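Next up, structure tokens for two forms of one chain, structure 1 and then structure 2.
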Structure 1
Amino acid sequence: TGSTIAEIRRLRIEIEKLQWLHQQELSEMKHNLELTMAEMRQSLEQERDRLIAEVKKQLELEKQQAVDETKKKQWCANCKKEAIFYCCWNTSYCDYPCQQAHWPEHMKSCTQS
């Protein structure tokens, strides 16, 4: 009695403090974690939508390059490999076996005359 009731009071004080603190962690975390789990779900999709377009633009670039490089070359009317023999307008061949194969089909169109 005296010292004992004084230190009981100290234990009551300490326990009451721990309750206040835990009431603050609990009141704050239900809200704070609500905002952290949607903040990271959105930053992921903003990064993904910037990625799909990054590659669409890239391939659209590579396409136009490939198409333009194709404009600078003659191509075999038979097999679409690059050609080196000329027959008539818009008709070339990689070699005479392609020309000789294509000839039944090409004869109806050949303008070499």
Structure 2
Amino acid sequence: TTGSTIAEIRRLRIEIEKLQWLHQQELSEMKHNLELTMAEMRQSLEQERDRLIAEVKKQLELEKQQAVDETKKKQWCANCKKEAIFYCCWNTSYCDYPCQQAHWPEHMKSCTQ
């Protein structure tokens, strides 16, 4: 029947028309939410970078102070900068006799005792 086919076609066409109007609000709010999550991620990553750098600097500054202080407690070879075991005169110590011999031409200029 002609009228019944026309009504069925018309019904389908109307359903397609309703399909067109769908999902506009979702996509248009999706871009704006993308901007906000992107900005929040950039800010959080920047704060985490600053926190990590500050922490690494604090820890290595403490490690440096510990190394310097440990170093002040010992005597160091004036020729090779390894730990020394005997001394010639003020602020001139050596780890073995060959370092003393090697360093003598320079140390001779300013030696005592």
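Note that the rigid core is defined as the largest set of C-alphas that superpose within 1.5 Å between two forms. Just so we're on the same page, residue numbers count up from 1 along structure 1's sequence. Residues that one form lacks are left out of the comparison.
- With the core held fixed between the two structures, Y96 has its Cα displaced by under 2 Å.
- The rigid-core alignment places the CA of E16 2 Å or more apart between the two structures.
- In this overlay on the rigid core, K30 has a C-alpha that sits 2 Å or more away from its partner position between the two structures.
- With the core fitted, the CA of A6 sits 10.6 Å away from its counterpart between the two structures.
- Relative displacement of the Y86 Cα between the two structures on rigid core alignment is 1.2 Å.
- In this core superposition, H106 moves its Cα by 0.6 Å between the two structures.
- The protein segments that move between the two structures, counted as runs of at least three consecutive residues with every Cα displaced by 2 Å or more relative to the fitted core, are 1-24, 26-33.
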